[PDB]
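Novice: Those protein sequence lines, which keep their order, are chains A and B.
Going by the entry's author numbering, the residue at position 88 of the first sequence is 92; the numbering climbs one at a time, nothing skipped.
Going by the entry's author numbering, the residue at position 164 of the second sequence is 168; the numbering climbs one at a time, nothing skipped.
Quick one: structure below, then a few questions.
2 protein chains.
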Amino acid sequence: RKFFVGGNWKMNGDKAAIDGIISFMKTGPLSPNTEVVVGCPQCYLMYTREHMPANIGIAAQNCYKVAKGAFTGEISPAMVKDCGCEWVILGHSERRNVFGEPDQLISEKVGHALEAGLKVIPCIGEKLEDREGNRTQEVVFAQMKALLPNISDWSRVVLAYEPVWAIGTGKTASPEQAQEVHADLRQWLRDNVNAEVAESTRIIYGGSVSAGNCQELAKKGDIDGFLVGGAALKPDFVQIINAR
Amino acid sequence: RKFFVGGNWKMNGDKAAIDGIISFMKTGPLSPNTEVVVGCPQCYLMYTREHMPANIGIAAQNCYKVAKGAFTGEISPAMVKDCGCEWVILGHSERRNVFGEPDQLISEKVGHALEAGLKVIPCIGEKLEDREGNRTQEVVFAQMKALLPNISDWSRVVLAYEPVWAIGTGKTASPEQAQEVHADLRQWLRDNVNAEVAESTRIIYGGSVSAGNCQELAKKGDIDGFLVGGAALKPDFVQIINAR
Numbered sequence: 005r006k007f008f009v010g011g012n013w014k015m016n017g018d019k020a021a022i023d024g025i026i027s028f029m030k031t032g033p034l035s036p037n038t039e040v041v042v043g044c045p046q047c048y049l050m051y052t053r054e055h056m057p058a059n060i061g062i063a064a065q066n067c068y069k070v071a072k073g074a075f076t077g078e079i080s081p082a083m084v085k086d087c088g089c090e091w092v093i094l095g096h097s098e099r100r101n102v103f104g105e106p107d108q109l110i111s112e113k114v115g116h117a118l119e120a121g122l123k124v125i126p127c128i129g130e131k132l133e134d135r136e137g138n139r140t141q142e143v144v145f146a147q148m149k150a151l152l153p154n155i156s157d158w159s160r161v162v163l164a165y166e167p168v169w170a171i172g173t174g175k176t177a178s179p180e181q182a183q184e185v186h187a188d189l190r191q192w193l194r195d196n197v198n199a200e201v202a203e204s205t206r207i208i209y210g211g212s213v214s215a216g217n218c219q220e221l222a223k224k225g226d227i228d229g230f231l232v233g234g235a236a237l238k239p240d241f242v243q244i245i246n247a248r
Numbered sequence: 005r006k007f008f009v010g011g012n013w014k015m016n017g018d019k020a021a022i023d024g025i026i027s028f029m030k031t032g033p034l035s036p037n038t039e040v041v042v043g044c045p046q047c048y049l050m051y052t053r054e055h056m057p058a059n060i061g062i063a064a065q066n067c068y069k070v071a072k073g074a075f076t077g078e079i080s081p082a083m084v085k086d087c088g089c090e091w092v093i094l095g096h097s098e099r100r101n102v103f104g105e106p107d108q109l110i111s112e113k114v115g116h117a118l119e120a121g122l123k124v125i126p127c128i129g130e131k132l133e134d135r136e137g138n139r140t141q142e143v144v145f146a147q148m149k150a151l152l153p154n155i156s157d158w159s160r161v162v163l164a165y166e167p168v169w170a171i172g173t174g175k176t177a178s179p180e181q182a183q184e185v186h187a188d189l190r191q192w193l194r195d196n197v198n199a200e201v202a203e204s205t206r207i208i209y210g211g212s213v214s215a216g217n218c219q220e221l222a223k224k225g226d227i228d229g230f231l232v233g234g235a236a237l238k239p240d241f242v243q244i245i246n247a248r
């Protein structure tokens with residue numbers, strides 16, 4: 005499984021700041037064994053694709069579940085493609101929790117993004133109350149079951165596991181905690197799909213990943229990379245890309 | 005009050021289709037006495053601004069309430085400005101009723117858009133049940149009251165009244181239904197702000213405006229323009245810009 009690092013810029017950037025990230029990502033040096041994608045704000049898809057080296061993929065941070073229609077403020081997968089970009093991040097914690105997007109909607113978006121030809125990073129993960137209530141596994145398995153009916157091409161999926169309590173808080177999951185879930189998810193793929201899919205699908209970890217803690221997480225046998233927020237905006241992002 | 009016509013493309017378009025809209029807007033003829041704005045999908049702000057003649061304003065179809073932050077999938081007024089665009093549509097029915105945005109949030113959005121120096125089209129409007137139940141006025145007055153604390157510059161606001169029942173359904177409001185609401189809203193401005201703001205603030209009508217019906221609507225004393233959805237995607241739009 006090729007190591008995979010996504011940088012989620014969330015609601016951060018302007019042309020000048022994006023030039024800056026591009027500049028330090030160019031210089032790197034970036035490991036050629038890491039597959040790298042950056043998720044830029046909805047309004048910078050085209051710009052970021054034009055300016056970023058073709059070896060780095062570009063992701064929209066959200067999209068809707070049909071190609072066009074009466075959805076003021078939304079963009080479709082066809083539009084992401086038209087902007088020259090190949091990826092979309094879907095069901096991010098911030099969309100599930102700040103903006104109330106339910107599992108059903110996320111599944112439908114993932115379905116439509118795949119139909120449209122995009123590669124998708126579906127996001128899953130339990131809340132603090134789930135973690136403390138020893139229901140982490142049941143919660144993430146349920147999120148996976150909700151996505152299953154719409155995952156129509158596993159070769160174009162990279163699953164991101166992000167404990168809600170770990171996002172933006174500095175409270176990153178320990179390598180042991182993350183490895184445990186990733187292994188559960190990988191067997192979930194064997195039991196619900198097949199072994200080929202389980203053995204080839206990247207499962208990445210996100211939740212306060214830093215240059216300081218990334219090596220110890222990457223070591224773990226079922227952690228295939230990272231989804232990175234705050235650290236993606238700074239030059240340290242290079243070390244995370246190079247965590248192996 | 006200068007006649008104002010906005011075209012809301014919603015989730016429609018790609019570069020080629022936007023090229024087509026621009027081509028027919030260039031041909032015109034467009035009245036110098038109509039202030040025209042188009043609202044494009046989030047990912048086309050920079051592209052539309054670059055190719056659409058600059059006598060035409062560009063609006064974002066949505067934005068969030070802070071300049072940057074942990075809000076995957078959102079864009080800020082600072083980004084809209086960076087993309088070369090001056091307008092944003094806020095509180096559109098489709099955001100209220102498909103994506104459940106509450107009045108408080110919309111008001112905070114308007115507040116921040118104005119602070120960051122954008123021009124804003126706040127949308128208000130009653131549901132069929134409100135209209136049948138004889139409570140249109142109470143509904144649109146509450147909506148205005150919700151906005152009021154955050155309207156920090158009336159000179160950069162155009163209010164859009166769009167009966168929810170009239171959007172995309174072809175069920176256009178009669179010139180009388182629309183005028184009655186517009187006259188009430190204007191009186192609301194006199195009572196809650198002042199006479200100068202009441203006389204100078206554009207109040208525009210939206211909800212299935214066509215080339216066929218725009219003249220009768222435009223003829224009304226308190227109807228200062230339109231917010232146009234479906235008809236904005238077709239050359240028909242020119243005749244609506246010229247409705248007065």
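Note that the Cβ used here is the ideal one computed from N, Cα and C, for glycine as well.
Relative to the C-alpha of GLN65 of chain A, which candidate in A:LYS72, A:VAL40, A:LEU94 has its C-alpha closest?
Specialist: Translated into the one-based positions of the first sequence, residue 65 of chain A becomes position 61. Checking every option, the nearest Cα to that of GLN65 of chain A belongs to A:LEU94.
Novice: Find the residues of chain A that neighbour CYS87 of chain B, judging by a C-beta separation of less than 7 Å, and give them in chain order.
Specialist: By 1-based counting over the second sequence, the position of residue 87 of chain B is 83. Under the 7 Å cutoff, chain A gives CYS47.
Novice: Below 7 Å on C-beta distance, what does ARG99 of chain B contact in chain A?
Specialist: Taking the second sequence and counting its residues from 1, one reaches residue 99 of chain B at position 95. Per Cβ cutoff of 7 Å: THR76, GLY77.
Novice: Which residues, in order along the stretch 125-140 of chain A, keep a beta-carbon less than 7 Å from a beta-carbon of chain B?
Specialist: none
Novice: Rounded to whole angstroms, what's the CA-CA distance from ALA247 of chain A to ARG206 of chain A? Just pull it up for me.
Specialist: Start at 1 with the first residue of the first sequence, and residue 247 of chain A comes out as number 243. Start at 1 with the first residue of the first sequence, and residue 206 of chain A comes out as number 202. Looking at the two C-alpha atoms, the distance is approximately 15 Å.
Novice: Short of 7 Å in beta carbon distance, which residues of its chain neighbour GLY121 of chain A, apart from the five on each side in sequence? Order them along the chain.
Specialist: Here residue 121 of chain A refers to the residue found at position 117 when the first sequence is read from its first residue. Correct list, in chain order: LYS85.
Novice: Under the rule that 16 or more other beta-carbon atoms within 10 Å means buried, what is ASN16 of chain B, buried or exposed?
Specialist: Within the second sequence, numbered from 1, the residue matching residue 16 of chain B stands at position 12. When all chains shown are included, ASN16 of chain B counts as buried.
Novice: Can you tell me where the alpha helix (DSSP H) with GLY24 of chain B in it begins and where it stops?
Specialist: Residue mapping note: residue 24 of chain B aligns to position 20 of the second sequence, counting from 1. 19-31 is the span of the alpha helix (DSSP H), which, as asked, contains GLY24 of chain B.
Novice: In terms of DSSP beta bridges, what is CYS127 of chain B paired with?
Specialist: By 1-based counting over the second sequence, the position of residue 127 of chain B is 123. In the DSSP output, where bridge partners are listed per residue, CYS127 of chain B has B:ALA164.
Novice: Per DSSP, what kind of secondary structure is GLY61 of chain A in: helix, strand or coil?
Specialist: If you number the first sequence from 1, residue 61 of chain A lands on position 57. Reduced to three states, the DSSP call for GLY61 of chain A is strand.
Novice: State the DSSP-derived secondary structure class of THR38 of chain A, mapped to helix, strand or coil.
Specialist: In the first sequence, the residue the question calls residue 38 of chain A occupies position 34. The DSSP-derived three-state label of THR38 of chain A is strand.
Novice: DSSP on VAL232 of chain A, reduced to helix/strand/coil?
Specialist: Counting from 1 along the first sequence, the entry for residue 232 of chain A is found at position 228. Residue state, collapsed to three classes: strand.
Novice: Alpha carbon to alpha carbon, how far is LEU109 of chain A from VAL9 of chain B? Give it in angstroms, no decimals.
Specialist: Position 5 of the second sequence holds residue 9 of chain B. Position 105 of the first sequence holds residue 109 of chain A. Computed Cα separation, rounded: 34 Å.
Novice: What residue from B:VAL168, B:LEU193, B:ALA20 has the CA that sits closest to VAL161 of chain B's CA?
Specialist: Within the second sequence, the letter at position 157 stands for residue 161 of chain B. Distance from the Cα of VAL161 of chain B is smallest, within the candidate group B:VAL168, B:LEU193, B:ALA20, for B:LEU193.
Novice: Does any C-beta atom of chain B lie closer than 8 Å to the C-beta of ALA222 of chain A?
Specialist: Counting from one through the first sequence, the residue named residue 222 of chain A turns up at place 218. By this cut-off, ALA222 of chain A is not an interface position.
Novice: Distance, Cα to Cα, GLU220 of chain B vs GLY211 of chain B?
Specialist: Taking the second sequence and counting its residues from 1, the one referred to as residue 220 of chain B is at position 216. Taking the second sequence and counting its residues from 1, the one referred to as residue 211 of chain B is at position 207. Roughly 14 Å between the two C-alpha positions.
Novice: For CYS87 of chain A versus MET50 of chain A, is the C-beta spacing smaller than 8 Å?
Specialist: Counting from 1 along the first sequence, the entry for residue 87 of chain A is found at position 83. Counting from 1 along the first sequence, the entry for residue 50 of chain A is found at position 46. Cβ atoms of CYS87 of chain A and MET50 of chain A: closer than 8 Å.
Novice: The ligand FAD and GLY172 of chain A: does any heavy atom of the ligand fall closer than 7 Å to the residue's C-beta?
Specialist: Within the structure as shown, the ligand FAD is missing, as the structure has no ligands at all.
Novice: Within the same chain, show all residues whose beta-carbon is closer than 6 Å to that of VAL143 of chain B, passing over the 5 residues directly before and after it, in chain order.
Specialist: Locating residue 143 of chain B in the second sequence gives position 139, where the first residue counts as 1. For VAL143 of chain B, where only same-chain residues beyond five positions count, the Cβ hits under 6 Å are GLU130, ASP134.
Novice: Under 8 Å, do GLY43 of chain A and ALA63 of chain A count as touching if we go by C-beta distance?
Specialist: Walking along the first sequence from the start, residue 43 of chain A turns up at place 39. Walking along the first sequence from the start, residue 63 of chain A turns up at place 59. Yes, the Cβ-Cβ distance between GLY43 of chain A and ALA63 of chain A is below 8 Å.
Novice: For a contact meaning CB atoms closer than 7 Å, what does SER80 of chain B contact in chain A?
Specialist: On the second sequence, position 76 is the one that residue 80 of chain B refers to. Under the 7 Å cutoff, chain A gives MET15.
Novice: Please determine, among B:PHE230, B:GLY216, B:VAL114, the residue with the shortest C-alpha to C-alpha distance to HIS186 of chain B.
Specialist: Translated into the one-based positions of the second sequence, residue 186 of chain B becomes position 182. Taking only the C-alpha atoms, the option nearest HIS186 of chain B is B:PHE230.
Novice: Which of the three DSSP states, helix, strand or coil, is assigned to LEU221 of chain B?
Specialist: Residue 221 of chain B sits at position 217 when you count from the first residue of the second sequence. Residue state, collapsed to three classes: helix.
Novice: For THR38 of chain A, which residues in the same chain have their Cβ closer than 6 Å to its Cβ, ignoring the five residues on either side in sequence?
Specialist: Translated into the one-based positions of the first sequence, residue 38 of chain A becomes position 34. Taken in chain order, the residues that qualify are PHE7, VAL9, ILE245.
Novice: Any beta-carbon of chain A closer than 8 Å to the one on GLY210 of chain B?
Specialist: Residue 210 of chain B sits at position 206 when you count from the first residue of the second sequence. Chain A, which has no Cβ nearer than 8 Å to the Cβ of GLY210 of chain B, makes this no.
Novice: Considering only residues of the same chain and omitting the five flanking positions on each side of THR173 of chain A, which have a CB-CB separation below 7 Å?
Specialist: On the first sequence, residue 173 of chain A is found 169 positions in, with the first residue counted as 1. Cβ neighbours of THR173 of chain A beyond the five flanking positions: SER212.
Novice: Which chain A residues sit within Cβ distance under 9 Å of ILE93 of chain B?
Specialist: The residue labelled residue 93 of chain B in the question sits at position 89 within the second sequence. Ordered by position in chain A, the residues that pass the 9 Å Cβ test against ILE93 of chain B are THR76, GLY77.
Novice: Given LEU152 of chain B, which residues of its chain have a CB within under 7 Å of its CB, disregarding the five upstream and five downstream residues?
Specialist: In the second sequence, counting from the first residue as 1, residue 152 of chain B sits at position 148. The answer, listed in chain order, is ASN196.
Novice: For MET15 of chain B, which beta-bridge partners are listed by DSSP?
Specialist: Position 11 of the second sequence, counting from 1, holds the residue named residue 15 of chain B. DSSP output for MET15 of chain B lists A:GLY73 as bridge partner(s).
Novice: Can you check which of these residues, A:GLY234, A:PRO33, A:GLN243, is closest to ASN12 of chain A by C-alpha distance?
Specialist: By one-based count along the first sequence, residue 12 of chain A stands at place 8. If we check each option's Cα against that of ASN12 of chain A, A:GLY234 comes out closest.
Novice: Which chain D residues are close to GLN65 of chain B, counting only those with a beta carbon under 7 Å from its beta carbon?
Specialist: The structure shown has no chain D; the protein chains it does contain are A and B.
Novice: DSSP beta-bridge partners for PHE8 of chain B?
Specialist: The count along the second sequence starts at 1 and reaches residue 8 of chain B at position 4. B:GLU39, B:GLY229, per the DSSP bridge assignment.
Novice: Is any beta-carbon of chain A found at less than 8 Å from that of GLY104 of chain B?
Specialist: Your numbering for residue 104 of chain B matches position 100 in the second sequence. The beta carbon of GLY104 of chain B falls within 8 Å of a beta carbon belonging to chain A, placing the residue at that interface.
Novice: Return no unless some Cβ of chain B is closer than 8 Å to the Cβ of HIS96 of chain A.
Specialist: On the first sequence, residue 96 of chain A is found 92 positions in, with the first residue counted as 1. Taking Cβ atoms only, chain B reaches closer than 8 Å to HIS96 of chain A, which makes this a yes.
Novice: Since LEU49 of chain B is in the alpha helix (DSSP H), which residue starts that stretch and which ends it?
Specialist: By one-based count along the second sequence, residue 49 of chain B stands at place 45. Residues 49-55.
Novice: Pick out whichever of B:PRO106, B:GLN141, B:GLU98, B:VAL92 has its Cα sitting closest to the Cα of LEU118 of chain B.
Specialist: As a first step, residue 118 of chain B must be located in the second sequence, where it is residue number 114. When only C-alpha atoms are compared, the closest one is B:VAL92.
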